[PDB]
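As a starting point, one isolated chain is supplied in structure tokens, in the form deposited without its partner chain.
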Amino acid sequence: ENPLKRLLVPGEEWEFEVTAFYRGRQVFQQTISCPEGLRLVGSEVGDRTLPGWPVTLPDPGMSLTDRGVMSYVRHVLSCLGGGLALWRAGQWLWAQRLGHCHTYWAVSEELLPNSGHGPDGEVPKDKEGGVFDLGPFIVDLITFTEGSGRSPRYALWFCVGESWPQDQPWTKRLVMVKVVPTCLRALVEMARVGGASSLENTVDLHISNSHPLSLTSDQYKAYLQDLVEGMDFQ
């Protein structure tokens, strides 16, 4: 059996780490698993028949310090409405905006949302939009283990209620949210440590009913290939 196939078994739940930044400062972090995915809200609640586990972005303090930009943050949060939904279906992650804040996204590095090429897209309203495909990710991960390419990116960054900060410091944006499917973070780290020699290393997939896997480098690379053979490509 291929333990990595658990990633795509129908009804499996991934863990998503949500980290929010107000003007470049981390203000919130929560890890969420839910069959419905997650939904970023300002808890100006709200509709309980909306889909997705509600993830409430914190109201900034009423402080005199930073009152200007924080009042703008509060305004953005107050206009989130139904919010920003993110969920998985098969090998794809999907997003939809359910309120009035135009939201732009990119798949980027963990520590930098805007590497210079602009957003990958705008999150649609009234229909779903694909924001991540596991297929190319695993292909690129295999290439990475073979010393033939960069580590594949998996951090979804959302710029909420403003234009994407192309050629502008991202820390000036009012509300930036990073979502990391922690299985993908784990898969990349497993590739990094495995290239170091070739004994056994442990990978934790951080998905429902998962158990930490102790694998050799050859075992790991073999499972990635078998996984990719059963996935969909254009």
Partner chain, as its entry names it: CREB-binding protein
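Positions refer to the first chain, counted from 1. Rigid core (definition): largest C-alpha set, two forms, superposition within 1.5 Å. Only residues modelled in both forms are compared.
A second form of this protein, the form deposited with its partner chain bound, is not displayed here; the remarks below concern that form.
At a distance of at most 4.5 angstroms from its partner chain in the bound PDB entry, all three residues 141, 184 and 193 contribute at least one non-hydrogen atom. Residues of 10-24 placing a heavy atom within 4.5 Å of its partner chain in the bound PDB entry, in sequence order: 11, 13, 14, 15.
Put simply, after the core is superposed between the shown form and the other one, 200 is the one residue in 66, 189, 200, 36 with a Cα shift of at least 2 angstroms. Closer approach of the C-alpha atoms of residue 192 and residue 197, by 3 angstroms or more, is seen in the bound PDB entry than in the present form. Note: residue 142-residue 202 Cα separation is 3 Å or more longer in the bound PDB entry than here. Relative to the superposed core, shifted segments between the shown form and the other one, defined as three or more consecutive residues with every Cα moved by 2 Å or more, span 7-11, 62-65, 196-208.
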